[PDB]
Amino acid sequence: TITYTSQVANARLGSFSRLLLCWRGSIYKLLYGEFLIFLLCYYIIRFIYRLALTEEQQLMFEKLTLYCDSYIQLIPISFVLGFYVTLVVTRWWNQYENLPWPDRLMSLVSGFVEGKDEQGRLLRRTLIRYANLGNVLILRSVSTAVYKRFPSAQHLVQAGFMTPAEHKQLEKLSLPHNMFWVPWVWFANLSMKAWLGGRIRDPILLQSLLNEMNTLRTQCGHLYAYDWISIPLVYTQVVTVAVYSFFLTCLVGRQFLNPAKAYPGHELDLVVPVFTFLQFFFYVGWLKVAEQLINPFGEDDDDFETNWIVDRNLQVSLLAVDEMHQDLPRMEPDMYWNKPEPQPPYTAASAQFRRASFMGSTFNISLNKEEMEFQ
Amino acid sequence: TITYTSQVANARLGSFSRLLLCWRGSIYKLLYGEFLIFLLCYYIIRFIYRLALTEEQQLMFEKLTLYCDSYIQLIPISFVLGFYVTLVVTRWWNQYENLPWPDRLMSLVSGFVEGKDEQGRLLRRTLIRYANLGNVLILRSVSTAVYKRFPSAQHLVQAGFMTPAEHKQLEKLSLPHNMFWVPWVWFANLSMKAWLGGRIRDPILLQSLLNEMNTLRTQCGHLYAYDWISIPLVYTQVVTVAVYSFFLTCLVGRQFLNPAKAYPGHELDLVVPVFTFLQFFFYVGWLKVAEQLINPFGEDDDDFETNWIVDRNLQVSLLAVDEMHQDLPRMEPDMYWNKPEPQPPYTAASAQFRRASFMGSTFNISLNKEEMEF
Amino acid sequence: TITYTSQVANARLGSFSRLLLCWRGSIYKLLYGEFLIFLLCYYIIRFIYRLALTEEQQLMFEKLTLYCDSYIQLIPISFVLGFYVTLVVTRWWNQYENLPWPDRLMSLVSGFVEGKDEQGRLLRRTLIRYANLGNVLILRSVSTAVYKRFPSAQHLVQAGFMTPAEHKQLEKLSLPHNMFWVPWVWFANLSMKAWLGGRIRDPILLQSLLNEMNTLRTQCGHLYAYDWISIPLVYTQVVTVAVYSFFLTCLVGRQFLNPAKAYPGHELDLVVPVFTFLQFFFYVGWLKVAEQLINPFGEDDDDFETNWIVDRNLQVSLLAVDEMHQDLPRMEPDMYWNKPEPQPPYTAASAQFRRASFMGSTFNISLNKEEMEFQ
Amino acid sequence: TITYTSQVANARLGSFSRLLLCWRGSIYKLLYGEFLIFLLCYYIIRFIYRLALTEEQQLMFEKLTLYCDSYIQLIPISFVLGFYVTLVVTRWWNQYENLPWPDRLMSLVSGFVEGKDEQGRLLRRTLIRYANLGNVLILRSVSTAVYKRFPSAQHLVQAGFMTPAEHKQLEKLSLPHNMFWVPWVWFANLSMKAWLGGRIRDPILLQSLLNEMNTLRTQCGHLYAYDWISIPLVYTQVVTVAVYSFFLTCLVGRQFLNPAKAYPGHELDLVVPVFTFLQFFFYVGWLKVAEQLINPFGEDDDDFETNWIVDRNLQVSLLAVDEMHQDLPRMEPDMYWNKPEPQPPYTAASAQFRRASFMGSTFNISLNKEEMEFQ
Amino acid sequence: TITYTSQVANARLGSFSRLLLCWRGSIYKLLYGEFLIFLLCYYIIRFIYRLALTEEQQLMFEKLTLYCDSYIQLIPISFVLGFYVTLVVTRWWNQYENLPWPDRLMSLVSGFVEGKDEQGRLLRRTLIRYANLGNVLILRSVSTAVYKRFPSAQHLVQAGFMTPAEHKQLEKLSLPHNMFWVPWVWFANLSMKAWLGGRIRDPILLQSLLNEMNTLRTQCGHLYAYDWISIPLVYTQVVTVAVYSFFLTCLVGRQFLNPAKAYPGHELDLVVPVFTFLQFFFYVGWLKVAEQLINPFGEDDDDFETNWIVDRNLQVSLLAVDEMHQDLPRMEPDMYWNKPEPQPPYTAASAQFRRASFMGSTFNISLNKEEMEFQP
């Protein structure tokens, strides 16, 4: 994930242009090899036309160039790229929104499951660890960085996500499918055991816990679905064929023909097709947006930082359910205890943001006494 | 389902280019018959023009070809194709999102329904089997592969989705509609009997069970809806006529005329219309996207693996409610029992992914002491 | 509703082409009258130009034809048709998704409301009949087929959706608005009476019943909303003006001029403007998609079968709450009672769909022993 | 709101063309002033060019017209208008979907809150009046028609939405913000008091009541959000600049030049630029769609009838919670008491809609005997 | 936030035209620096072409101008601009929808948590203050204005959002990540203690409280998500290069060439490229839409008033849970106590809006007696 949110907070003078001086997660990084190949092919064709063809062969090449340039169309490639990239971006943000965060569940585990002794602490840690284990199982199923971090379940055992007893239980329950769903059944059974043991005082709390757990399960299932059900290969190939046919046609039709031939549109040989190269920039960078975002769990610069998410979830969950259980700050009256209208101060750098409230768009409507009387 | 998610994990040099070498679920596999018909018709017309027409007939055909190639641009084949394919893809992903997964329900059945004896085990298995039976009943109605697997309800009995008593009950209750809804009423009544029998301790657990069951019911109803309410035939016909008329026109207008006639754009006889073939691949593959995805429950390569989903759901549900009921790993202190800041290790192949925490975009804003004062 | 889902299950050779031989719900059925009018006008103009115009008048008409052809543009009509038809299709599917199905509610009524005697059976039937009555009350207000089936509330009484007592109560509660909301308040009060009478054992079951009932209420309110709040008339008129002005100017600009005058683009004098007729096909069929789908409760072929939905809902609801209440099949051990990994058989026609499980995209990642070691 | 749903129920011959004969909510009504101004400017420029310019000035104006005709492009204006109008229509329908309807809440108040005496009736009426008061408080802030109906809170007192005690309480709770949220806190506290007083039998009914109330609160907050957070002014100005610059350059570039000069495309002086006027109607009507729908709570013909919604909500809510509380029709066996398969009759005008059930697309799949045996 | 909702209530004559006379949040305010740079470069190039080139170089510049004017159409600025700006606007409204509002939670805290004494009042205030501290903790992380208001957690202590005990507790629990999630765990534990202490009468009310709190948690997490996961930089750079290359090309190709050369399309020297300037306004304002909306928590005119939202949420929440707890207006019969059909009056300015009810589109369908009878 490349974050530039701070750099585009305000629409200043050339705010987006200053982003052109970036390299990580940039279009140059994703485009330099393709552009070098295209440049080499274009100039090889140019040198063949100039220094390797006879006059009749050059005339044939010029007719071919005009014929090709009559075929280079902007609307179809732009439309297919726009629709495909919109689909890819929608799926990319949906895949992000299905990344499981145990924060609601860890709050409910810290609150509902009672006991400051070793048994209650162990129970809360085990529940939140089941949640984190399910999350890390689906993430190592779908993310290449997480899989490189945990190539096997024994790596999960050595990393503390899974105890050896849990690993043996998972091996005993082995089915010819992905077994990421198991910790959710473990969570349900352990929560039922906790309620029957008195650690959960009411079944309302048990229902809330299992509702948050099922929400996490649905998110992990959506992650598995997006990893499994790819965008259909035919649509990807359609967009690739559109872009590649466009620039294969440009490889010949955008050649600078001999200016002495007085061909319309070929009155100035600039050697470098700056507009064709700009088109390559735009269209193949539009394609590279989709190429980078089609699997946002790879190892691109703009791909999701799933290992950081895993570590943060584990640390925050364990802290919330173990150290922060019934460990509250002292409850004391606040600054506005006797003030019916609080007014927090503004700094010197923020005093310009103290704005009057919006009372509705109809507040300033002016009416006379005659028209404000009820009929 | 053709999965290539691993091949496109990173945006490498020609990551989408290597996908053009695939055959299953590809443009070529979906397109070779149409392309062969187009090729044969194109070259039949070419040989008729060049070897079977008189000079006046050749001149008439040349004028017709120029007219067709002039008016080929009148056919909108990118707007309607784009919007129609977007609609088809949206509906295809919605149809996937309504595939029922009993995982939440199987967790709730494994937990809430108590009893390690034969009666409680039978009750849990019967409830989860009602869920799976409803799912398979809607899938054999919406999917051709599942129907080929279960042509009759007796096939469902012989496959273990239905008992003979359930089949007799379904035959007795028969109405002149699709009866996929029956196992949901069965689940509701069996769960009510379980709660009244003490197997479910509180009615809130019963409410949660029936909420998950109703979620599965809504998903199956949406599957039936997508199978029933097709995309309007007029829109499909518009797109189909657009594409096929474009290429029926290209059959004549993209012919290479006589180079001796010195027609503008026809001075060279290239024999093979390479750009017309690339346009054919692009446009008719764009149509084939919609053709393959309009019914994602058929037998295409990129259609849903519904038989696998059925088998996996049955196995996982039965295991979760039967073997995994109150069967937990031993609860022991973890690796970070006395570590307030856990830090799982990184491998040598993953040490580069250890990133610092993102603390918000405003973290690095620098303010002097004068402007930081209230 | 015209269903062709079985015909397009697989992307076979010309799967969409076999859909061109259909008449019900087809483009020809929606287009033949407009196309006949357009063709008649086009050939009237052609005969006037060819047989009833002087040479100076013919030259004037040729200039006018060239001018009109120069002013025929495809970009704006295509854009407005795409956006408008996308809006219409989205609204059409949302209108379908708001069709109330009582299946969840009928399951809850069959389960929660206890009693195998006449009183409990009557209570369950009355509750599910209130649900069906609300659905039919909104449907006869939004659907012309249902209104033709039930032109009056007395027709609903004669059809069994309303008892005479319910009709008298509805007439007593008459307000100058649509009274489709009344059965929901009836359902709430009858469910409260059932819970107070002991027929509903716990108030949480009552809450679930009223939640499903409120979901049906929201769906019926959305149906009323879509019937009431039409797509703005200005947008519809804009699209209609675009399409009809396009083809009014094609009526003159697409005329075949005299090839003897050697006009650019008029070298070949056909009689049938095949490309103009194809454009009429595409654009007026695109418009007819919106014309058919703008009110999906009319009597078009592709409109919703709301009478069938009403009949099916009534039958299924009454069967579920009356005959299926506590009427379960005998609970016996299944085929896989002691089999830990069930393997349902495949037929000969389905053996090719037996697939290995997808274990995640990272399953086949290969790493060496050195790089799989924790640092 | 202009409703034409009944007129477009079926896709008949010229279904959308008959909607061009409308005046209320029409494109003509929204466009006639702008079109008159454009007509006047165009013909003033024409008369200046033809009667008030010297021959050299006429040649300069002809060159300027030929220069202007090149800068008249359709793709950008169509693209921006399509996207902007799609955004406006999406926001318009979302603003409709956040119009609060108390039907679910009024059903729950009629059911859960018990008591046929004066205290229970007063409690139910006051609760539903709090709901309606919150709705009207947000509506008079976001809608100009409601504000013209209730210019002040005293107008709400005189209209029965607010009692004098409630008005004094609202004056006491005055903060420098919009106070539409106050009736929700009132509802929560009064419902808590009702549960403590025995009028609500179980806390789960109280939870359902407050859930419906919070749904109404979220809808009203979304209404306030849409009234406050407008579409960004830069985007509205971008679309306005595109449209009006297009037609400002059409004022000169679409002038009919002198036919004697035989300019390309100017061989015919038709006086009236019919196609330019059609483009004006189409594009500025596309803009007027956004202009009308950008604030759907104004006083346009297609804007929401919020005063009717207010009146209907008040009447229906008071009737549902007061007169319809525990006032049910007599519970008697229906028409299909012992009939297992109900079959309501069809009229002579609806008998053609009796359709056989759709059993799934795979019902008609034919397989021979050999391919049905399990392997 | 620039609000012009009142000005566009009705589609009057030139309703959008009057919006062009605005300055705050306008095209001009976001555009004038780039437009001045473009003007300067355009006229520098014009003066170089006219007064600083020889004839053999003027011919080359004229050929280059004709070439650029011919090939300016190759830049697909409209397509990528439209798709990118649509994405930015969708994300902008989604970012708005995840701004947390404590109104549902403050209603539940005011109702469920009982006690008019000091302990119950303190408990309600502390719970609602935990919700508002979580909101302000995420907002000072995602919004630059809120961060300028609260550069440190000590500023939150001095502003009343956080007590010194809460600040010490937050420092004790410190983790290397952002700690906006802590007040949610505090709320859960304090609500559990309140239920165990009898201040919450039933666990159903506790579940409702924690449901509203978790909804606020999800909204704040989505705010953090949008602040973290930016729109991919490659797409942004594509759009930026499209616009900037289009106008760098227009710098040369839109030059008014010498009319003595009688070039087609360059026979009239207007000096000022009015249509090129209109294209600049349109295209770069379309870009500035995305530039302003890509981070809606900055300090632009149309960015969200997050400081006002923070202050309003704090004031309204504290008032709702403290002063308004069990403080109800006197319950008395209303105006329509014995009126079966309530009819609120209309003013003279609103009597035109008294409209009849819509009974359904099928109400006016006319059928004769023969076709209305049920088929036997």
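We just call them A, B, C, D and E in the order they show up, numbering each chain from 1.
Note that in this section a contact is a pair of C-beta atoms (placed from the backbone, for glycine too) under 8 Å apart; a residue touches a chain by one contact, two chains touch by 3 or more.
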Winner on C-beta contact pairs when B-C is weighed against B-E: B-C
Contact-pair overlap exceeding half with A-D, pair selected from C-D or A-C: A-C
Averaged-CA centre spacing for the pair subunit E and subunit C, given as whole angstrom: 34
Centre-of-Cα separation between subunit E and subunit A, whole angstrom: 21
Touching two or more other chains - residue numbers and ranges from subunit C: 1, 3, 5-6, 9, 30, 79, 82, 86, 142, 144, 148, 151, 155, 158-159, 175, 177, 204, 207, 227-228, 288, 292, 295, 312, 315, 319, 323, 341, 345-347, 349, 357-358, 361-362, 365, 367, 371-372, 374
In the complex with subunit E, residue positions of subunit D that touch it: 1, 3, 5-6, 9, 30, 33-34, 60, 63-64, 66-68, 70-71, 75-76, 79-80, 82-83, 86-87, 122-123, 125-126, 129, 144-145, 148-151, 155, 158-161, 163, 165-166, 168-169, 173, 175, 177, 181-182, 184-193, 203-204, 206-207, 210-211, 213-214, 217-218, 221, 225, 227-230, 232-242, 244-245, 249, 287-288, 291-292, 294-295, 297-300, 303, 305, 307-308, 310-312, 314-315, 318-319, 323, 345-349, 351
Residue numbers on subunit D that touch subunit A, as the complex places them: 140-144, 146-148, 151-152, 155, 158-159, 175-178, 224, 227-228, 295
Contacting residues of subunit B [partner subunit E, same complex]: 341, 356-363, 365, 367, 371-372, 374
Complex contact set, residues of subunit E against subunit D: 1-6, 8-11, 13-17, 19-20, 22, 24-27, 30, 78-79, 81-82, 85-86, 89, 96, 101, 103-104, 106-108, 110-112, 114, 201-202, 204-205, 207-208, 212, 265, 267-268, 270, 275, 278-279, 281-283, 285-286, 288-289, 292-293, 301-302, 304, 312, 315-316, 319-320, 323-337, 340-347, 349-350, 353-355, 357-358, 361-362, 364-365, 367, 370-375
